[PDB]
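Asker: My questions all concern the structure below.
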Amino acid sequence: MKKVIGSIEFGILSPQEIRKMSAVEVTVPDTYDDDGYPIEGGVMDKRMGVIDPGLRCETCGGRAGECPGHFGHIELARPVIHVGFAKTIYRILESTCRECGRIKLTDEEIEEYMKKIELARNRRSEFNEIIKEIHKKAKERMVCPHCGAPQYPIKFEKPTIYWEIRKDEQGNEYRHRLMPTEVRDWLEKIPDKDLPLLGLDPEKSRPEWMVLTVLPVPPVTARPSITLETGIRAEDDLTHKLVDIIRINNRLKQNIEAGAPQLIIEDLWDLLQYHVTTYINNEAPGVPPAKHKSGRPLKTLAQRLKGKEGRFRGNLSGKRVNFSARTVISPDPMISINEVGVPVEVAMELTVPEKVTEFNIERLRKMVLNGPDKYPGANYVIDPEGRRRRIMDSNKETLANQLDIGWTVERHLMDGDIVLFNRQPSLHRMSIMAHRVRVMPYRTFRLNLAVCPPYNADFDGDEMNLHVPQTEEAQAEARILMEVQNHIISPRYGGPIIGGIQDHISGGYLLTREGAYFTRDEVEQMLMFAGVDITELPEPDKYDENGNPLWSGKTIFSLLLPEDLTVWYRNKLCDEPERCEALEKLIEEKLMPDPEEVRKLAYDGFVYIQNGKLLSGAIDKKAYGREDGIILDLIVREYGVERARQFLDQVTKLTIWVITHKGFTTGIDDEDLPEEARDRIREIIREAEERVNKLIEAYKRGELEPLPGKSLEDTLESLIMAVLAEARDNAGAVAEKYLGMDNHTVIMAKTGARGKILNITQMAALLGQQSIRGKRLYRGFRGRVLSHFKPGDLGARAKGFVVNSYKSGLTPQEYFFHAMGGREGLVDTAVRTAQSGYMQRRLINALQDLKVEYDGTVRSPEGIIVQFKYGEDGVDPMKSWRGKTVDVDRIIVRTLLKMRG
Amino acid sequence: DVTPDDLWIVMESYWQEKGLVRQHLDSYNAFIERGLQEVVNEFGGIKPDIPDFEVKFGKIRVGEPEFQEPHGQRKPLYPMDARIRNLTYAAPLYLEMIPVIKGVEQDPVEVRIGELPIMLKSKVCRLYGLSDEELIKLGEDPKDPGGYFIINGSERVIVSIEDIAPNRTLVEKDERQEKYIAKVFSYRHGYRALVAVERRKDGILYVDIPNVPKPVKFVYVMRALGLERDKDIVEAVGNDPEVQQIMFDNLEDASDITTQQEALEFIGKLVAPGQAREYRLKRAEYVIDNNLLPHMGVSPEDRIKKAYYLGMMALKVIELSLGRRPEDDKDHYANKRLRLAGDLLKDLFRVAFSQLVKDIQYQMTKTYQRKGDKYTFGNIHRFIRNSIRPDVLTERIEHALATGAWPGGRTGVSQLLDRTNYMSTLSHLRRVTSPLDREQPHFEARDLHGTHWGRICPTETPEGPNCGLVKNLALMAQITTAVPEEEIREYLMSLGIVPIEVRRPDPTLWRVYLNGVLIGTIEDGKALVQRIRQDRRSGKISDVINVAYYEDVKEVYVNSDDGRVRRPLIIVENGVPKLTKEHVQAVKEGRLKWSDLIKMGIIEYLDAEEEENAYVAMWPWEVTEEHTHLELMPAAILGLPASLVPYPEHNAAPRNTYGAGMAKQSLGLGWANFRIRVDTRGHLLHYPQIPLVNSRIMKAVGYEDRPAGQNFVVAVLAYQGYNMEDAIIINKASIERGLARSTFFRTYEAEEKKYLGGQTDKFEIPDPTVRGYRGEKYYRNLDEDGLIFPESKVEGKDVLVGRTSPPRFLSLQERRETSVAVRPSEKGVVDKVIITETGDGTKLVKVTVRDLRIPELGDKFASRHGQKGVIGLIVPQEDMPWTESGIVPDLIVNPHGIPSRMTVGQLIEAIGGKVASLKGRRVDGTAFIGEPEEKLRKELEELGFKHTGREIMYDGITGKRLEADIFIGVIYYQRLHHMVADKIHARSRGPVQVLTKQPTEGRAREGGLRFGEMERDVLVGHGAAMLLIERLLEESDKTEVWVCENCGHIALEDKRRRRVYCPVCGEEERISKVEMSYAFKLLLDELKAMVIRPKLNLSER
Ligand SMILES: [Mg+2]
Ligand SMILES: [Zn+2]
Ligand SMILES: [Zn+2]
Ligand SMILES: [Zn+2]
């Protein structure tokens, strides 16, 4: 019954086609009468359609929202050149004879080039090259070979002006202008047998059609007038331009009928050509664009199809959609990673159409009884005939009893529904994922915290959109392909993207660190909070004084791991490689060490798990953090996505409880260095400044050694920067060593939860050099940055070296230099975002339609083979073991531990 | 010896005496005083095409802010009256017409040429010179600084454009073509002409002139200006042997031209191809007259000075070629000049008055032609009076100010004044905007120049694409206004300068420039600059004069123009500051003012040019004999919002920028006039508080009278998972007791328009008969006069003002329902209802609805240290932990953002707030002179607490103390106007746009969310084809069409005959149904609107 568009073939409309497809000829340059009805024969004639309410289009009946529209046409008094085809017209004219109209080529050469063209001309670039060669060959012949006649050169003047350099008496040219009628007559007599040599097609196009004599009129529905709030019709730009065109055409016809002087007719012809070329393209090169009454440039047909707001990119590749909601986001760690909290206000506004079946009749009946105001209600019912009824308080019970098999109910959202959950900009494919609905009282979307990294979202005012699929197939696609737990492993590098962040890692470290112990109530409460289905506590690890039992953090954490997991590695807390080397030796000598032997050598820097029992090490970003996650990566591959989801939920909740009930804070004393450290830092800074001063003094008397390839000044600058960077690193070396593991900021930095050592060394010891675009500050007065320094001073302080820390405070010059430094980062991000976006758009448009075939090859839509095996090994990067096609070591090790057990 | 506190005592007097909006008020006053007369004198007078008749202009004056009542007479107008009535706060302009008959003048006649909008609190405004008890009775806020315009009831503020300094020779390298270019922008009567002289690889100089197709030969164009002698060329350019050798080469290359007439004819050929010889000659001499450096004049006698200026430009180019001088460095401030309100208004008045004089001349010509001659000559007074059309001037000026579109291509000069709070308004009144394009990188222009010190705030800048292009004046900044140029020139001449016409610039002689134009030469430059400095400090000449000398090039620059940015400094003489302790005492007692200190030679303003020769010390205790000036107050280099942050030097620069930007968005009692204000949006914090830790500048600027935040008891602790990733947790009991509780305002407007033909709207209850009649439910709160009762609670889409409109001719005998209703998702209580009359006498009704906004989830809170977040959870009080000293946190923040953000200043403010609240008095948090951290830490220990600021807390659930000591203090926090109640938005089906038949745009009209092409690419990357088609067709737009497969053209379905047929080919047998998007059908129609013919090939399945 229903057919689909299989292919589209383009071409050029002939005057006969335009005349036949038209519904009316336009003759009056007006739109509406005084009262408000369309003027008969006007640019708003009802033949083209109706846009005003309560009007029937006589062409096809209909109404304002029903009539699709019909084309009109204008009979131009004299032909004009189409601006889009002017360059092609020039290409054609200088390549064909003026008399016979044949291509100015020799017959055997024509045969050779026809043989060449048929060799797969479908490739556009090669066809263009061949046509360019033909044009170049035909340009350089003054005499037609087919018939005896001289050929004058033709000069093209933009936008649509053609000059003919024809000689005269006493051998002088007068650059005759070619009128459009002459050009059309020249083009008309071109035979079809050599049209392919010109790049045209005898059927889809003709050279004489490129000079148009009848201009089609777009339908009224394509030119919707807006009734302004003042009560005055705001005409669309196209309608106004059409009115101008009709007025000029009428004046030209009247003048021609009246025998006007030749110059007047020529001027009117040029004016009509200008109006037409502006209507087709108002941004055509070489013309002054037409302007509105307000002085703004008009928008015409060419403008609608171009730009980010144009048709192709604004209403075709993307558009505004129904059944969508947008509001701010707020954290919620108590829901599963594949669930989203939805406001009750949104849930009662969005609806999911559902069909009545034998297994859901009672629930739909109850919802229909609930009405559109109770939360689990409905807003509309659709009978099997297809009529839409709105549920109202007077219709609840009657419609509920009318409900039967085959009806449709537009119920409110429920728990367990599937929705699309999106953040902009959509940089990569896991920017949109499917979540399970969980209704909430307040007015913000609730998002689990482990799902933040894929969305690149933080709760500082970000807004994220939600979409509800309306059809069963779309819901199935969202449920199967787009579930959050499916996309734990990133396709970019084969590593986890969803994982613990910040407090998760910090709480894990607090729980699994050496010396951590918990009481009976703490263990029971934290296990119940995490959701673990335990019914009997394990044996106490140690007994406190007064006889109280105590449990270590390792034992509690081990209850979340799968029963048979085994792995060992080195985490970011490794500081004494001998301790790790001893454990590695003990594990290597026998693949199953005695746990009571490992516990004697247990060290926080070396994680080792034996049959689900955590025997050494501490939680770190390598444990389950997104970038370095190993336990999560092993679990998701060896046990499926659901077990990974359960593990992730349990560990997140457990670490959150630990960090809540143990207490975790930072204060002003976290950077309180002892006096000896401050003295050491001042010593380092003074030594660096003295070295810089010595270098400058050596430079000022020409004793400096010029480094290869560089100017002497550049060598001095590079040496100074090297010295300053070395000084800052040396200060950081002692700043790190004096702040021990007991400091909460150091815990946050070393475990990778937040920040790095640079922040600590800047806050506690030294800011260091400030530079813009990789070079020292120079953009001030002549020879100096600030007027507070002597001109010509090259010292470290005078060029941007800040010797203070954020804690000790910055002098005004240091503050100004720091602002200079920060501005460069701000502008760098501002420009880099746009550049990256444009490059990504180019890449997307280049590589969009490639796909893997059933035979394993990657083929272009035209059938061209790009790869004979995707990625040359056939392995999906998402499913790869961190780039590797397969991890042989892990498989061998796990098999051996499984069987040796 | 003076101390920084003594310097602060002097510093605050500057703001006390001058204010904060001097840049607008002084410029507008100068405009009103002189610019109108200057522009009038420029035109001279009307020259109608009437025999033996002419009109000469006289004086111009401004009347008083008035308004011509339609059914009445002129009456006084006040700003609050104009705001409510949507009028224009303007005053009439009166001009004198002097009739000239037979070349003889007679008695003048004064006519009204239009209305000029009045800047608020200017010397011609009614509010000027009034006291606080009078401003209060007039409805104004005494704290209002003025300095803006009121156009049709909206507050328009003109920002200052940052242009290149006029008449400045800037030299740059054209490395692309390996050339050297010097550029000047010559200004005369507003017109700008970019004139450039360049040296290409050939070593030959060429001159670029406006309205000239290709660059002409330098020697040729110089010959065209007379001075044809080759020796004259060599002397005009310079005297250096290498310079004269290069000029010998150029002259040899230019031996082709002979006389000035040949050059004129050559330029005529250049400018007017194909025309008669005389026409080209005359119209090329015209170009020489008024396109080649017009600022030198347009007289034919001005040849010699123009030639000398061009020769000096060429000398600069060749000197750059030889490496004798460096690049211009146009980023330097000496090359930058601000375009104040007065200059722009002068330009607008110039263009409007040009239009007006054209219209007047046309009118008088028409009247003489059509009435006759004896009529016009019998009553000249009537003939002149009834021919002026003031509306032509008024409409253009009003539209240009309202829209922000300026003649000459300038856009965005006039912006809507921001009225969110005190800081936002004051910061908006002090902005400098670069005219560049935002989209380009512009790495050199966005950077913070070294000369910005003390002239532009280093931190207060926008965040997005405008970063670095929009900047705010510092507190020390002062903007000059031009003095008469001729007096300065004569004074400089009397000091011993010989005119340039006398002797050539011998390198033994210094060059002297006055506002960029060479005026003579002196033997010693340093003696001249010392001589001028002595007079400037003594008081012999105006203070706006700045003088600087460049030793290397032997040039002396004297600046007296308009728009320079300067800063005050204490003059240091022989290692001793001129400011003494008794001067500070006199300033404190009120005996001595800031202007007196300026006139006493103690403090002088330095622009960028003069500061090149200075050597300024930072602090009084580091001054030595080398220093020439002393910094008044280093903490005042920051902008106004940036001064709010306490201890700004302890935070990273990006965080300070974020805090300064967010300080303009927080709620608070912005103005005491808010109750009767008619702003579109408004806010009101219920219990604003003064910050406990504050900078002493904020009290001086008046911020403490209008605070915009509250003090919170903040504990840094990871209470749960509900505060991660910059989320915050707030106490429920404190919210219920009035913490951060706010009120939201919104004003609706309704006009009773009067249409042509006598039809008009009407306020009434809509009858059920009228079309568009919405449910009777929505008229529940209306009175019989058609207006809502105040203090009645309303809901979404409830009707506020009932109004019916004349019908539309498709019906007839109907009345459209055009009531004004509440926005679809808003709610509140009607606060006040106002009935007024518009400028045309039609009734105007304005209704404001207030809404209580209790804090909830998703509301945004931000401290002034750049730390921002949203409320993640609201916790009952008994669940919150409590300190063992009896304190319960008002707010809990995550300790994780602190190390990454590196905002130590917030941690210091936390200690300072509790120290201030415990000692009973506030703590000073000035930028570089605030109370040091070590003092506060010791004082906290003195009061009995621990010096680290850590207290022992007990868990609110388990009832046992936490293992670690918790940092707790008091921090100033601000509620931002980004409330979730205004951001939530959901669309079920909604209405659709007319053209594309897709969902509308925006929350206000039930619009739909944008589904961008990037989302489509994401969907494709997931491989979900059916999800993509569902999102892209059914939810947005889809339709069925009839396609004739024989020819591919879309067939026509006729609803008259129940028949489908193809018009283009007459086919009825094969018309298949096709399903496609409506937008694609529109695309096909657009292509068929051109000559494109897209054929459609159908297929089965
Ligand atoms: Mg964010
Ligand atoms: Zn129709
Ligand atoms: Zn031929
Ligand atoms: Zn057909």
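By convention here, the chains of the structure tokens are called A, B, ... in the order presented, each chain's residues are numbered starting at 1, and ligands are numbered starting at 1 in the order presented.
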Counting only C-alpha atoms and all ligand atoms, which residues of chain B sit at most 12 Å from some atom of ligand 2, and what is each one's closest atom pair with its distance in Å to one decimal, listed by chain and rising residue number, as a Markdown table?
Answerer:
```
| residue | atom | partner | partner_atom_place_in_ligand_line | distance |
| --- | --- | --- | --- | --- |
| B:1051 | CA | ligand 2 | 1 (Zn) | 12.0 |
| B:1052 | CA | ligand 2 | 1 (Zn) | 8.7 |
| B:1053 | CA | ligand 2 | 1 (Zn) | 8.8 |
| B:1054 | CA | ligand 2 | 1 (Zn) | 8.2 |
| B:1055 | CA | ligand 2 | 1 (Zn) | 9.1 |
| B:1056 | CA | ligand 2 | 1 (Zn) | 10.8 |
```
Asker: Restricted to N, CA and C atoms, what would the selected residues look like written as a PDB file, in the first residue's frame?
Answerer:
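Produced file result_19.pdb, reproduced below:
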```pdb
ATOM      1  N   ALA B1051       1.370  15.165  -6.687  1.00  0.00           N
ATOM      2  CA  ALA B1051       0.032  15.259  -7.248  1.00  0.00           C
ATOM      3  C   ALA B1051      -0.854  16.141  -6.377  1.00  0.00           C
ATOM      4  N   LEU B1052      -1.997  16.522  -6.939  1.00  0.00           N
ATOM      5  CA  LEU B1052      -2.960  17.380  -6.263  1.00  0.00           C
ATOM      6  C   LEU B1052      -4.179  16.559  -5.868  1.00  0.00           C
ATOM      7  N   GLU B1053      -4.570  16.655  -4.601  1.00  0.00           N
ATOM      8  CA  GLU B1053      -5.802  16.052  -4.114  1.00  0.00           C
ATOM      9  C   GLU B1053      -6.862  17.136  -3.981  1.00  0.00           C
ATOM     10  N   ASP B1054      -7.992  16.941  -4.653  1.00  0.00           N
ATOM     11  CA  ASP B1054      -9.087  17.903  -4.655  1.00  0.00           C
ATOM     12  C   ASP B1054     -10.155  17.408  -3.688  1.00  0.00           C
ATOM     13  N   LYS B1055     -10.470  18.226  -2.686  1.00  0.00           N
ATOM     14  CA  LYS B1055     -11.517  17.883  -1.734  1.00  0.00           C
ATOM     15  C   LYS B1055     -12.911  18.213  -2.247  1.00  0.00           C
ATOM     16  N   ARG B1056     -13.020  18.860  -3.409  1.00  0.00           N
ATOM     17  CA  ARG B1056     -14.331  19.098  -4.003  1.00  0.00           C
ATOM     18  C   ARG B1056     -14.869  17.835  -4.663  1.00  0.00           C
TER      19      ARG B1056
END
```
Asker: Throw together the list of residues within 6 Å of ligand 3, counting only C-alpha atoms and all ligand atoms, and drop it here as a ChimeraX atom specification.
Answerer: /A:97,99-100,102,144,146-147
Asker: I need the residues from that last selection saved to file as an mmCIF file, in the first residue's frame (with N, CA and C atoms), if you can.
Answerer:
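Output (again.cif):
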```cif
data_model
loop_
_atom_site.group_PDB
_atom_site.id
_atom_site.type_symbol
_atom_site.label_atom_id
_atom_site.label_comp_id
_atom_site.auth_asym_id
_atom_site.auth_seq_id
_atom_site.Cartn_x
_atom_site.Cartn_y
_atom_site.Cartn_z
ATOM 1 N N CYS A 97 30.485 27.342 -30.908
ATOM 2 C CA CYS A 97 30.510 28.277 -32.026
ATOM 3 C C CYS A 97 29.302 29.204 -31.980
ATOM 4 N N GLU A 99 27.810 30.500 -34.603
ATOM 5 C CA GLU A 99 26.933 30.341 -35.757
ATOM 6 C C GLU A 99 26.167 29.022 -35.737
ATOM 7 N N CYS A 100 26.877 27.896 -35.742
ATOM 8 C CA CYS A 100 26.230 26.592 -35.791
ATOM 9 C C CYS A 100 25.830 26.065 -34.423
ATOM 10 N N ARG A 102 27.600 24.300 -32.472
ATOM 11 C CA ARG A 102 28.294 23.066 -32.153
ATOM 12 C C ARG A 102 29.497 23.341 -31.256
ATOM 13 N N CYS A 144 35.810 28.116 -35.652
ATOM 14 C CA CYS A 144 35.079 26.865 -35.528
ATOM 15 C C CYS A 144 35.589 25.854 -36.554
ATOM 16 N N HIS A 146 33.924 22.951 -37.346
ATOM 17 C CA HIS A 146 32.789 22.351 -38.040
ATOM 18 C C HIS A 146 32.272 23.260 -39.148
ATOM 19 N N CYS A 147 32.279 24.571 -38.920
ATOM 20 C CA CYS A 147 31.857 25.538 -39.920
ATOM 21 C C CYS A 147 32.840 26.698 -39.936
#
```
Asker: Neighbouring residues of region 1013-1016 of chain B were defined as those with any atom within 9 Å, considering only C-alpha atoms; residues of the same chain fewer than 5 positions away were excluded. Please report them as a PyMOL selection string.
Answerer: (chain A and resi 313-314+316-319+422+424-429+431-432+841) or (chain B and resi 1021+1028+1032)
Asker: Ligand 4: which residues are within 9 Å, counting only C-alpha atoms and all ligand atoms, as a PyMOL selection string?
Answerer: chain B and resi 1043-1051+1061-1068+1070-1071
Asker: May I have the selected residues written with C-alpha atoms, as a PDB file, in the first residue's frame?
Answerer:
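Listed below is the output, out13.pdb:
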```pdb
ATOM      1  CA  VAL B1043       3.195  11.462  -5.625  1.00  0.00           C
ATOM      2  CA  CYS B1044       2.751  10.677  -9.322  1.00  0.00           C
ATOM      3  CA  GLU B1045       5.370   8.007 -10.003  1.00  0.00           C
ATOM      4  CA  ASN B1046       5.147   8.631 -13.759  1.00  0.00           C
ATOM      5  CA  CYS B1047       6.810  12.057 -13.525  1.00  0.00           C
ATOM      6  CA  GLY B1048       7.801  12.317  -9.854  1.00  0.00           C
ATOM      7  CA  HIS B1049       5.871  15.537  -9.314  1.00  0.00           C
ATOM      8  CA  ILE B1050       3.652  15.846  -6.249  1.00  0.00           C
ATOM      9  CA  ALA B1051       0.032  15.259  -7.248  1.00  0.00           C
ATOM     10  CA  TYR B1061      -4.919  13.889 -10.070  1.00  0.00           C
ATOM     11  CA  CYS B1062      -1.510  15.031 -11.280  1.00  0.00           C
ATOM     12  CA  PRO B1063      -1.626  18.517 -12.854  1.00  0.00           C
ATOM     13  CA  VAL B1064       1.750  18.564 -14.611  1.00  0.00           C
ATOM     14  CA  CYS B1065       1.183  15.377 -16.627  1.00  0.00           C
ATOM     15  CA  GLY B1066      -2.516  14.525 -16.227  1.00  0.00           C
ATOM     16  CA  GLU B1067      -2.042  11.132 -14.552  1.00  0.00           C
ATOM     17  CA  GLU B1068      -4.666   9.536 -12.310  1.00  0.00           C
ATOM     18  CA  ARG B1070      -0.631   5.698 -10.586  1.00  0.00           C
ATOM     19  CA  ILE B1071      -0.775   8.059  -7.593  1.00  0.00           C
TER      20      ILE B1071
END
```
Asker: Could you check which of A:873, A:58, A:25, A:458 is closest to ligand 1, using only C-alpha atoms and all ligand atoms?
Answerer: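 Closest candidate: A:458.
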Asker: If the limit is 6 Å from any atom of ligand 1, counting only C-alpha atoms and all ligand atoms, which residues qualify? Return them as a PyMOL selection string.
Answerer: chain A and resi 457-462
Asker: Per DSSP on the backbone, what are the alpha helix (DSSP H) residues of region 641-832 of chain B, as a list in words?
Answerer: residues 653, 654, 655, 656, 657, 658, 659, 660, 661, 662, 696, 697, 698, 699, 700, 701, 732, 733, 734, 735 and 736 of chain B
